[PDB]
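These notes concern the structure reproduced below.
Rule-based calculations on the coordinates, nothing more; no lab input. Reconstructed Cβ throughout: ideal geometry from the backbone, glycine too, with neighbour counts over all protein chains shown.
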Amino acid sequence: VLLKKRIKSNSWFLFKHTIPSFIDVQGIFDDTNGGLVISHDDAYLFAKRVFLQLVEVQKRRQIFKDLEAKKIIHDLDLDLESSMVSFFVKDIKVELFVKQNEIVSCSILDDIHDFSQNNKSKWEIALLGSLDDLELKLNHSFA
Amino acid sequence: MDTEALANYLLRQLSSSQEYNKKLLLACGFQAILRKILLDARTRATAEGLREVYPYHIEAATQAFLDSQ
Amino acid sequence: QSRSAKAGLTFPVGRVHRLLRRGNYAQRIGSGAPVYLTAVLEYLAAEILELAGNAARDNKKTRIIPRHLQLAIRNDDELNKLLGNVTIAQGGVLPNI
Amino acid sequence: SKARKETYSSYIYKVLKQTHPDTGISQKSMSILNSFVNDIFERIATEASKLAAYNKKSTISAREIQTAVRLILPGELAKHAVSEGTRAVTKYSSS
Amino acid sequence: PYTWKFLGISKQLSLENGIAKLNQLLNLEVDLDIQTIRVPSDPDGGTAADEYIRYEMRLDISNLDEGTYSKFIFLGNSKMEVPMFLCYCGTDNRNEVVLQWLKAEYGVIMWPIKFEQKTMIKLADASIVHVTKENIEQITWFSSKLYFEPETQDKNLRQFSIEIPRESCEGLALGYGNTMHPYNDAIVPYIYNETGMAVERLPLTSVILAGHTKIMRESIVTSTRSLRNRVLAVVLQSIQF
Amino acid sequence: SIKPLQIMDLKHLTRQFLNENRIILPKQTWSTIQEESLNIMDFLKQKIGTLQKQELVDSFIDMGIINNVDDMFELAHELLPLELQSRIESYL
Amino acid sequence: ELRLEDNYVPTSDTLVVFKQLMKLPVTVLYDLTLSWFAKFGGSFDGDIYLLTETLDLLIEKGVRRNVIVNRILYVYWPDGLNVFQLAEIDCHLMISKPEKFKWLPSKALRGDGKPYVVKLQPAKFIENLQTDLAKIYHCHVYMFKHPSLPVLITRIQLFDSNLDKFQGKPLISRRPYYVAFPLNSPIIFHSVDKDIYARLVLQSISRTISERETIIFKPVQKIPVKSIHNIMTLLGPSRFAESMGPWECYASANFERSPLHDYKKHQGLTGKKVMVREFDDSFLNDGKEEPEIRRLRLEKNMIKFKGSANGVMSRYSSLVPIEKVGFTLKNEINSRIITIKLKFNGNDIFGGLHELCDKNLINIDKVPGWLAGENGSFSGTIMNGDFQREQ
Amino acid sequence: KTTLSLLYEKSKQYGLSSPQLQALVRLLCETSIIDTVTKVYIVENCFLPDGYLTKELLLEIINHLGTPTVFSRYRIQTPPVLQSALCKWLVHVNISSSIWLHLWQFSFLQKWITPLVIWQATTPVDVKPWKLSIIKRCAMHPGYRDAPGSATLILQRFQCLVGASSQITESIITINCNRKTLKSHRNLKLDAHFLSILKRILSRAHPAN
Amino acid sequence: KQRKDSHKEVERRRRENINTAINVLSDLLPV
């Protein structure tokens, strides 16, 4: 991400950057110090914000690929930022929508004899929470 | 589209030298009457005065043509 | 205009020509030889497929199959001499009575 | 890759249309009839040029092909074959 | 609407000597005016060799359109190596007849004329300028529009234009200071500075002064019925080598 | 209905007529002349139910196109290709 | 209620669809027709295996495309194809010849002016949009993903009843409309048409996406763009957006390798070479030249118009060719504001300008960035040395 | 076919001199021994001149190209298609300048007459302005589909060749502006295979003609 | 009557719209 100084104001402005559009770098910049980004400390605040926002993507991608690698889940498909993710566990398949480090909504699509609505509901509820415990609880709920 | 092709059209809708000449003259009549309709349309276009012979001018030409014939 | 059309033949006289060239049978080839050979081949093909079509009529269906072909070739006693060495693919074998 | 393969299947199907317009052909039958003409072509041409070599004459020609077909075909089919070859080459030379 | 076409004359013919044989050739009598003008009166332009002699000749059986109104202009000067050129307007073919008479009569050989990009810019500068009755120069501003048409691989860049309204032209001229040829003096350097583009080098096709004239590769198109004298003087000075 | 004649054919025919008298035609004008050509043709079939030299000269005189057979073959001369108007002259 | 289903048959002119069909190769025809018979069958008598061998024997005999097309239009499905097949042929046409189609961008915004990153599950979206549209017009909707891009594409067509006709009871067709959705971005792509039907459509998408908070679409550009690849590159979620023109190498990101990379081949030891610039303006003044300096002059022009010495995509064709741009400079001189409006037209404006630079009609060192190609595809006004997109 | 074969075998190697061309073209129109379908083949596959056609031969040919009228009933008429084919052969190979303008009036010949009159309009003195009135009349006449483009070709020759005339150029603008037939008229065909035979007919015996 | 949608009427709407724009701008002026 690359920043330039205004001609008159002697203040930065966001000229060019590589950060994808789903990270609103312009909004972050305008928020920093009320938009009057001047100091290198303000610039590092902005840079740290975008960096944590990128790490919050790589942190999800890494754990999901780790789950795939150990065959804890079958094949999966990911959106670009790894916020919406779909995967088959063994035969059941799940749809998730995750914020940073946390699952906020879940959906289980397959129909199975033992997969009654009460069973479905409590599974779907248990799948919510922090992502670090998802691997453990999924392995426990293997069957 | 030839004038003899117009005669061919009138032959197609109608049904040898004598009949050939007859149908050629009928084609002449049809062409002349089309020209008369267009000329009366231009005359009506003169009464209104705008750029070109807009459709109601051909229309009015046809009613005058029928009212005189 | 094509050579087959000028001959009245359906088969590819030009292909027979070039194949005679490929088959290295002789260095000099008469121009009438390929057309004569193509006519002979067309006649034989037409005869055998007509026999197969009549066999299909006997079997009451409107598509030729290797069984029809095998029955026709084995039943025709002259073409059975011509192809006495051949056995047909999915062609079968003829009954004793 | 796969090169384009020689075939006479189109001509076979067309002559079947001339004979029985309503009739189709199975794929195996079509391969069979495609092999027919090549087998015949070989066993005519080899014999004909061998006969030419027996003549010790350079050219394989219409007389050689006529003799070869009438040698190798059974006689009943050979009469038809030679008549059709002769009339076909005559029609051609009349062009 | 008033177009023009210019031809060169290889000899300083005295047109008045021969008017009658033209008149009988054209089956009509044409007028012939005589003016000795001093067009480049500005000091840097000069005070000598200004004595161009101008002739107005007209084929007006009527003046209902350009073809009937079609008027010829001869302007020459004895000090000029090729002494005289010609101008005419309209689609009337009697122009061809009079040209044929000229070439057959005076033994003179004639050719058409072209313009360079710098010639076009100078001509546009000459088009805006007007002189008062007090022998004082003045300028009338028009919304200039430069219009180019380059040749590039795969038609990457077919055409492009630089439009300059009246206010921007006047502001640039005033910023450069009091001057007489603003298009060459101020506008083009400003364009080059802002874009690195050399208007002189680029393939110019037309210079349009809105509502006043269009200057083109082969012709001049004019709002007024006639061309002011500086236009003709610039043309003549462009004829030479 | 199969009676209609094409707009393009009318364009081609009337293009030559524009030179004798320049009629200029918008689109809906073309469509109306095409549409009313059917009515014109029916009216002509009423006016000319059968073809004869005296009948056709009389019909065209009634139409106001001509005043006599002289005017009629003048029209034929100005409306037909060169050899034909001579062929018709042999008929008159 | 009014939602259509795949087995319905519309009405249209046969010759137009025939000409559309003629564009396709033989193999895709074979595949499409096999699938159609598998799902719907046909008037032809025989098993699909019989159909398979007939189509085979037709193709190994080297039959022409006309025979297959005539068969499809006159024996297999003589009365007309289904809406599904009509959508499929246009899908294949778009995939085969992308450059024939035009698009426009549109930005999704929420109440506080922030960008709304649209995230879409197709099922909810399609059902909601179908239910919303069916209440006003008869609508068939077909959705698919591009074979080589991360975009979901939708085709929407509207129908109405019946010039005069008796009890045949068909529905006449109309020109189609298209919309696309990148996976994670605030941007929307759609066809270029301003008929009321397109407005109804776009309004329906805007209504249906929301589901938790209001959403509105704000156009960001007024001139269309072709070739969905290009518009995806320009405005889709990617590294090239806001790094266009001379800034493309950051989007490439191959110049820098990860830190643990070997020492001795880290490029820092090895370095590179470049040309020195000149600042006293000798351009307008004025073969007496040698190869090397000319080579690096051409490299200078290359990077100024492409951003990389190797010239990351002829030497003039640019990454995304631009057909039209309109600029408007506003500068202050002696407390007086001056306007210059440049208008360019062609197939690649900046490639042509690059060619002119190579021919030495334009001075490279005085070409501004906005003229070089940055802010690509955006016409706008430049004030205070900062580009501003036109409203 | 025996009689036609003799004509073929002679012309293919002997060619056909001017008097031989005069005798044969007379035979085509005056005798029934040659069938009409073969007349449209003999004129363009057997008429092989030794060189340029002499003036008297062209004048005698022109009598075949006339038409009967309510005056000239007694004249034997060559069919117009054969007349058109004969002109097409004339295209392959100084009062005659005045004669050929009135050949151009015929509707079925006029397209084939354009090169012939243009190949007479070869000097600034040959062209005259009043001739264009006749050319213009046919161009504006209904039933002459070829005349507009045919006339425009001749008009485009007169305007550049004349060098000194009144404003006849604007009369060119009156002719059909689509110019659909004029494109083919300015790109006439010499029938290469007929020419290639004629090349040998011009090479066998004699140079300089 | 006469049916047409071309010059001599299509410009009238544009003129009227710009005139209304001018009027609404003028309404806010002090005088």
Can you tell me the orientation of helix E:94-105 relative to chain E, as the angle in degrees between its alpha-carbon axis and the longest Cα principal axis, to the nearest 10? 70 degrees
By count of other Cβ within 10 Å, fewest leading, how are E:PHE241, A:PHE64 ordered? E:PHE241, A:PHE64
Could you tell me how far the Cα centroid of region G:276-298 sits from the Cα centroid of region E:152-195, in Å? 25 Å
Convex hull (Cα only) mean projected area of chain A, reported in nm² to one decimal: 10.1 nm²
Taking only DSSP H segments of four or more residues, each worth -39500 (n - 2.57), what value at 222 nm results for chain H once the sum is divided by all its residues, to the nearest 500 deg cm²/dmol? -16500 deg cm²/dmol
How big is D, in µm² s⁻¹, for region E:1-112 by Stokes-Einstein at 37 °C and 0.692 mPa s if Rh is the Kirkwood radius over C-alpha pairs? 220 µm²/s
F:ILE24: net charge of surrounding residues, Cβ under 11 Å, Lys/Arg +1, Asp/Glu -1, itself excluded? +2
When a footprinting reagent is the concern and you count Cβ atoms within 10 Å, what order do F:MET8, E:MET110 take, fewest first? F:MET8, E:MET110
Given axes a ≥ b ≥ c from the Cα gyration tensor, I'd like to know whether region E:191-241 is rounded (a/c under 1.5), prolate (a/b larger than b/c) or oblate. oblate
Long-range tail of P(r) for chain D (Cα pairs > 21 Å, %): 51 percent
Once normalised by the length of region C:1-86, the mean sequence separation of its alpha carbon contacts under 8 Å that are 6 or more apart gives a contact order in percent of 20 percent
So for chain F, what percent of the C-alpha to C-alpha distances run longer than 19 Å? 55 percent
Any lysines whose Cα falls less than 20 Å from that of F:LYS45, other than same-chain ones fewer than 8 residues away, would be B:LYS22, B:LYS23, B:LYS36, F:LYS3, F:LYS53
Relative contact order in percent for chain E (Cα pairs under 8 Å, 6+ apart) equals 22 percent
Between region H:148-209 and region A:90-121, the alpha-carbon center distance in angstrom: 85 Å
Just E:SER219, E:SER161, E:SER143 to compare: in a GNM of chain E, with alpha carbon springs under 10 Å, which one fluctuates most? E:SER161
Can you compute the equivalent ellipsoid semi-axes for chain G, i.e. the square root of 5 times each eigenvalue of the Cα gyration tensor, sorted largest first and rounded to whole Å? 50, 28, 21
Angle, helix F:53-62 long axis vs. longest principal axis of chain F, Cα atoms, 0 to 90°, nearest 10? 50 degrees
Sorted from fewest to most neighbouring beta carbons within 10 Å, what does the list I:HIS7, D:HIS80, C:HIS17, G:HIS190 look like? I:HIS7, D:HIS80, C:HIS17, G:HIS190
Suppose a student asked you for the relative contact order of chain A, using Cα pairs under 8 Å spaced at least 6 residues apart; what percent would you report? 12 percent
Cross-link partners among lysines for D:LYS14, C-alpha distance below 24 Å, same-chain residues fewer than 8 apart left out? C:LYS6, C:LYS60, C:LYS61, D:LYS5, D:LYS28, D:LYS91, G:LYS61
Per residue of chain F, what 222 nm ellipticity follows from adding -39500 (n - 2.57) for every DSSP H run with n ≥ 4, rounded to the nearest 500? -23000 deg cm²/dmol
Please state the Cα pair-distance histogram of chain E with 10 angstrom bins from zero: what percent is in each bin? 7, 29, 33, 21, 9, 2, 0
Report the paramagnetic label zone for H:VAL81: residues of region F:68-88 whose backbone N is under 18 Å from a point 7 Å from Cα along the Cα-to-Cβ axis. F:83-84
If we restrict to alpha carbons, what Rg and Dmax does the protein assembly as shown come to, in Å? 43.4, 134
Estimated 222 nm signal from helices in chain B, with DSSP H stretches of n ≥ 4 weighted -39500 (n - 2.57), rounded to 500: -29000 deg cm²/dmol
Measuring from the longest principal axis of the C-alpha atoms of chain E, the long axis of helix E:166-176 (C-alpha) lies at a number of degrees, nearest 10, equal to 80 degrees
Cα gyration tensor shape for region G:236-391, rounded if a/c is under 1.5, else prolate or oblate: oblate
List the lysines whose Cα sits under 21 Å from the Cα of E:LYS79, skipping any in the same chain fewer than 8 residues away. E:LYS11
Taking only the Cα positions of region G:3-100, the convex hull volume per residue in Å³ is 109 Å³
Report the equivalent ellipsoid semi-axes for chain H in whole Å, largest first, defined as the square roots of five times the eigenvalues of the gyration tensor built from alpha carbon atoms. 32, 20, 15
Radius of gyration and Dmax over the Cα atoms of region H:1-81, both given in Å: 13.3, 44
How large is the translational diffusion coefficient of region C:1-86 in µm² per second when you combine the Kirkwood radius over alpha carbon pairs with Stokes-Einstein at 25 °C and 0.890 mPa s? 166 µm²/s
